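Notes to accompany the following structure.
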Amino acid sequence: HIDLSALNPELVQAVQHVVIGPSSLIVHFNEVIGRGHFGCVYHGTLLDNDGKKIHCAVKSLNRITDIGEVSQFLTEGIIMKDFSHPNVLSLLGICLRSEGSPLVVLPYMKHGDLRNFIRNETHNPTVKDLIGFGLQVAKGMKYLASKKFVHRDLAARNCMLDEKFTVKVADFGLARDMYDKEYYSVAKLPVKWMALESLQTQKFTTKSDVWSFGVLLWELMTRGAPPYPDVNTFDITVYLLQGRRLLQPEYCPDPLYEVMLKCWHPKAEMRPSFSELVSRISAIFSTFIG
Ligand SMILES: O=C(Nc1ccc(F)cc1)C1(C(=O)Nc2ccc(Oc3ccnc4cc(OCCN5CCOCC5)ncc34)c(F)c2)CC1
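Numbering-wise, the sequence shown is residues 1052 to 1237, 1243 to 1346 according to the entry's author numbering.
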């Protein structure tokens, strides 16, 4: 029972342009994908004009009493609405209901998030497969960078993986907390994925997304190891400034580690673009038979 009239009117039209009628969406409330402090995610079924059922994920707020939270939640969906790329998560629409939270509707991702997938010892991606996942993230980021979109929380935990093992760059946003508390430290910042200059200024750019991408590559090559496990979250700046980087994973090819070190260049301006990363990683990927 939100009052649409209290919201920013630009925001509300934007939402109406991607609206899903409540009768077209069935939320399976008994089938919870995750719960957090601010939000939760359910399995859902979306019907289109022909009655074709689409399996989706349905994101909700836990409270609708704060106009800032509601506005922020809707704004997260609107930020997404024009992302149209095979390696970026898309928005199915937003469902405004007479009572309760508005609902953000996402295509269902069979294999959940990338970090949990590569940590699952019941799948066995090859080194080539893992580099391929990295290449897909780079392609999604090349697309987002071309739109001048800065991600700010690129990490394996925020990338999704569908039934075809296509990686979709995403951001759990208000539902980041469902899992993954410890990696965010006081606004809660993902400090072990952050560029040196962001640690110092809390400002983010495409070049700091590149630093994060370097850490994501390290996550891939270690099959989801936590970075800097021995370092207190509040001390990562001191640690890096001693002259340190993440070590080369055992099965990380030398040229890929060189790419990681480029992503962590002390000068943001000198880090490779995502266009360059796509080119470089495409070449490294191609040297593997399987
Ligand atoms: O992603 C977002 N924005 C965004 C930002 C930057 C960008 F580049 C792209 C999108 C926003 C967002 O809310 N994203 C989001 C991403 C994943 C979300 O969670 C899921 C979506 C689709 N399928 C899912 C599937 C899933 O698990 C599937 C079942 N698992 C599978 C693995 O093993 C156990 C069972 N878990 C969460 C899913 C979600 F509810 C919201 C803030 C809007």
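Using N, Cα and C, we set each Cβ at its ideal position, and we do this for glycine too.
Practice task
Can you give me the Cβ contacts of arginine 1203 inside the same chain, cut-off strictly under 7 angstroms, excluding the 5 residues immediately before and after it?
Solution key: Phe1260
Practice task
Please confirm whether any heavy atom of ligand 1 lies closer than 8 angstroms to the CB of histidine 1174.
Solution key: Answer for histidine 1174: no, Cβ out of range of ligand 1.
Exercise for the section: Assign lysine 1248 to one of two classes, buried (16 or more other C-beta atoms within 10 Å of its C-beta) or exposed (fewer than that). Expected result: Buried: at least 16 other Cβ atoms inside 10 Å.
Exercise for the section: Mind checking which residues open and close the alpha helix (DSSP H) that includes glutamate 1127? Expected result: For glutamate 1127, the uninterrupted alpha helix (DSSP H) segment begins and ends at 1118-1131.
Practice task
Indicate, with yes or no, if ligand 1 has a heavy atom lying under 8 angstroms from the CB of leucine 1140.
Solution key: For ligand 1, at least one heavy atom lies less than 8 angstroms from the Cβ of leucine 1140.
Practice task
For the beta strand (DSSP E) holding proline 1060, just list the boundary residues, first then last.
Solution key: It is not in any beta strand (DSSP E) - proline 1060 instead sits in the alpha helix (DSSP H) that spans 1060-1067.
Practice task
Classify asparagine 1138 as buried or exposed, calling it buried when 16 or more other Cβ atoms lie within 10 Å of its own Cβ.
Solution key: buried
Handout entry: Reduced DSSP category for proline 1283 - H, G, I as helix; E, B as strand; rest coil
Key = coil
Problem - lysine 1323 (DSSP reduced to helix, strand or coil) - result: coil
Problem - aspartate 1265 vs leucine 1181 beta-carbon contact at 9 angstroms - result: no
Handout entry: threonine 1096 - DSSP class collapsed to helix/strand/coil
Key = Looking at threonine 1096 - three-state DSSP - the assignment turns out to be strand.
Practice task
Would you give the residue range spanned by the alpha helix (DSSP H) that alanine 1108 belongs to?
Solution key: Segment 1104-1112 is the beta strand (DSSP E) holding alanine 1108; no alpha helix (DSSP H) there.
Practice task
Indicate whether the contact test is met: 3 or more Cβ pairs, each with one atom in the stretch 1207-1217 and one in the stretch 1291-1308, closer than 8 angstroms.
Solution key: no
Exercise for the section: Using a threshold of 9 angstroms, state whether the C-beta atoms of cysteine 1319 and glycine 1270 are closer than that. Expected result: yes
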